[PDB]
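Following: one structure in structure tokens, then a few remarks.
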Amino acid sequence: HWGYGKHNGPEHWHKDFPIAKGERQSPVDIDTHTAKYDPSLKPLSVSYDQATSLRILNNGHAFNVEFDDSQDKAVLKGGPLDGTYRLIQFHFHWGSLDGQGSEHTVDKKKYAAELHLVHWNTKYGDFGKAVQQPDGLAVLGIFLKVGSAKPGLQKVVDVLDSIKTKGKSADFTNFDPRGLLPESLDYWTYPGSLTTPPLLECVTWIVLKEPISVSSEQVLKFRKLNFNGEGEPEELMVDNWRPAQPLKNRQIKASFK
Ligand SMILES: O=C(CCCCCCC(=O)Nc1ccccc1)NO
Ligand SMILES: [Zn+2]
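Shown next as structure tokens:
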């Protein structure tokens, strides 16, 4: 099956998922000098006060923190979006070394990790319907750079020992995702895709300009997770990122100048 190894990684995915060579694939390199400032873009509205986290899961390719999305509890509105998008989960992509790990790049610069806060358009009723629509998902992407520790991330870091292998989950209640946001909500936006199979072209990407800083010790703990299940030979969960894809006939817009 697909993964991030030499024999099943991103350069192989097109054989099972031909959309991998499609017209709206993610991630992309953000060329800051060719992005277009769009004064019609609205500020983002992030309403995470009533977020209800439920569980953290190692799914074999990343770890997901899952939220209750049965009501409009934690929503994203505004920006380039029409309507209301509910938060369903967040996860990260990261590297084996501090100089790689992000999926998006900025003027070819790679960050140590990238956080994806995943939201779905409530007009489609459920997440599975939303992924079939061109405006179904909105993903907030936040870059991580290695520096000072991020206090709001430590609760995530400390539970990773309990979900070391694929298929393990743990209860993870009362986590506030507001502690993961940067000070500024300036962003770039473009239409794209999931970055993992099935690579569906259903995502409005909103990539924040300002990275958050995490400490070396925090990111080191991400690198101790395993791709494998318990009892199988150990494969460290590192470099779970897809390289940049061609922009094709797309324009990246900026909310700032
Ligand atoms: O692709 C991304 C960003 C958005 C991920 C959305 C969650 C992944 C997911 O649920 N994938 C999926 C969708 C439909 C059918 C099967 C899997 N990062 O890797
Ligand atoms: Zn992702």
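The sequence shown runs 4 to 125, 127 to 261 under the entry's author numbering.
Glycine is no exception: its CB is placed at the ideal position from the N, C-alpha and C atoms.
- Item | Cβ-Cβ separation, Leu90 to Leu120 (assumed contact under 8 angstroms), whole Å | That pair is a contact at about 6 angstroms.
- Under 8 angstroms by Cβ, that's how I've got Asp41 and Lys213 pegged, so tell me the actual separation to the nearest angstrom. About 14 angstroms separates the two Cβ atoms, so there is no contact after all.
- Task: Assuming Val68 and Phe93 form a contact by the criterion Cβ under 8 angstroms, report the distance between their Cβ atoms to the nearest whole angstrom.
- Result: Sure, about 5 angstroms apart at Cβ, within 8 angstroms.
- Item | Per-residue burial, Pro155 [other beta carbons within 10 Å of its own, 16 or more giving buried] | By the neighbour-count criterion, in which 16 or more other beta carbons inside 10 Å mark a residue as buried, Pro155 falls on the exposed side.
- Whole runs of the beta strand (DSSP E) within the stretch 59-111, excluding any shorter than 3 residues: Qualifying beta strand (DSSP E) stretches, in chain order: 66-70, 78-81 and 88-97.
- Message: For ligand 2, I want to know if residue 3 counts as a neighbour, meaning its beta carbon is within less than 8 angstroms of at least one of the ligand's heavy atoms.
- Response: No information on residue 3 is available, as it lies outside the stretch 4 to 261 that the chain covers here.
- Message: Under DSSP, the alpha helix (DSSP H) around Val163 begins and ends at which residues?
- Response: Start and end: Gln158 to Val163.
- the stretch 14-25 in contact with the stretch 96-111 per 3-pair CB rule at 8 angstroms: The answer is no - the stretch 96-111 does not touch the stretch 14-25, with fewer than three Cβ pairs under 8 angstroms.
- Comparing the CB of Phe131 with every heavy atom of ligand 4, is any distance shorter than 8 angstroms? Within the structure as shown, ligand 4 is missing, the only ligands being ligand 1 and ligand 2.
- Message: Is the beta carbon of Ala174 closer than 9 angstroms to that of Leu148?
- Response: No, Cβ-Cβ distance for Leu148 and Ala174 is not below 9 angstroms.
- Message: Looking only at its chain, what residues have a beta carbon closer than 7 angstroms to the beta carbon of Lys127, apart from the 5 residues adjacent to it on each side?
- Response: So the qualifying residues of the chain are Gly86.
- Item | Backbone CA spacing between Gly6 and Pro13 [nearest angstrom] | In this structure, the CA atom of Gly6 is about 7 angstroms from the CA atom of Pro13.
- Query: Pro181: which of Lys113, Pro30, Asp32 and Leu157 sits nearest, CA to CA?
  - Reply: Nearest option by C-alpha distance: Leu157.
- Query: Out of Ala77, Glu187 and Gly196, which has the shortest C-alpha to C-alpha gap to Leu204?
  - Reply: Nearest C-alpha to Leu204: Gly196.
- Alpha-carbon spacing of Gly171 relative to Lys39, whole angstroms: Between the C-alpha atoms of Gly171 and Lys39 there is a straight-line separation of about 42 angstroms.
- Query: Roughly how many whole angstroms lie between the Cα atoms of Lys252 and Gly235?
  - Reply: Answer to the nearest angstrom: the Cα atoms are 44 angstroms apart.
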